[PDB]
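> Below you'll find the structure I mean.
Residue numbers (the entry's author numbering): 1 to 131.
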């Protein structure tokens, strides 16, 4: 009996082009890079989105400029919210680290982004109960 239900908000969120992960940054909890990587290898590179309900969760992925933005969220969590946040950072990445995302090597701009995302996540939702 080990269940924890408190404040449902985005926890995992990384950016990868097809199957190559550039900048990854998720909350300290478990291993999501596993299910995520597997899903990525399944998601095409063509501009198209779709809601994938895996592991009793919702995997919202938005393909753009050969970049896939996946994020793990609770079922209850609304879609608009998920898609929203993703769009925010998504545009921020392609706007700032966009060009590099096409040239720059993998795990190159993970630091800079890692921090940026962390802020967006903590802000978006008051998971840690911060204000």
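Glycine included, each C-beta is placed from N, C-alpha and C at the ideal position.
Can you tell me which residues form a DSSP beta bridge with residue 53?
Paired residue(s): 58.
> Using a threshold of 7 Å, state whether the C-beta atoms of residue 50 and residue 19 are closer than that.
Cβ distance not < 7 Å, so residue 50 and residue 19 don't count as in contact.
> Determine the closest residue to residue 72 out of 128, 130, 24, with distance taken between C-alpha atoms.
Ranking the options by Cα distance to residue 72, first place goes to 24.
> Starting from residue 73, trace the beta strand (DSSP E) in both directions and tell me its first and last residue.
67 to 74 is the span of the beta strand (DSSP E), which, as asked, contains residue 73.
> Please classify residue 103: is it buried, with 16 or more other beta-carbons within 10 angstroms of its beta-carbon, or exposed?
It counts as exposed.
> How long is the line joining the alpha carbons of residue 52 and residue 6, rounded to whole angstroms?
If I take the Cα positions, the gap works out to 23 Å.
> So, does the region 58 to 76 touch the region 84 to 99, judging by three or more C-beta pairs under 8 Å?
Judged by Cβ distances under 8 Å, the region 58 to 76 makes contact with the region 84 to 99, as three or more pairs qualify.
> Mind checking whether residue 8 and residue 65 have CB atoms under 7 Å apart?
Cβ distance not < 7 Å, so residue 8 and residue 65 don't count as in contact.
> Using only CA atoms, which one of 22, 29, 36, 116 lies nearest to residue 106?
The candidate whose alpha carbon is nearest that of residue 106 is 22.
> Excluding the five sequence neighbours on either side, which residues of its own chain have a C-beta within less than 8 Å of the C-beta of residue 100, listed in chain order?
If we look at residue 100 and ignore the five residues flanking it on each side, its Cβ neighbours are 108, 109.
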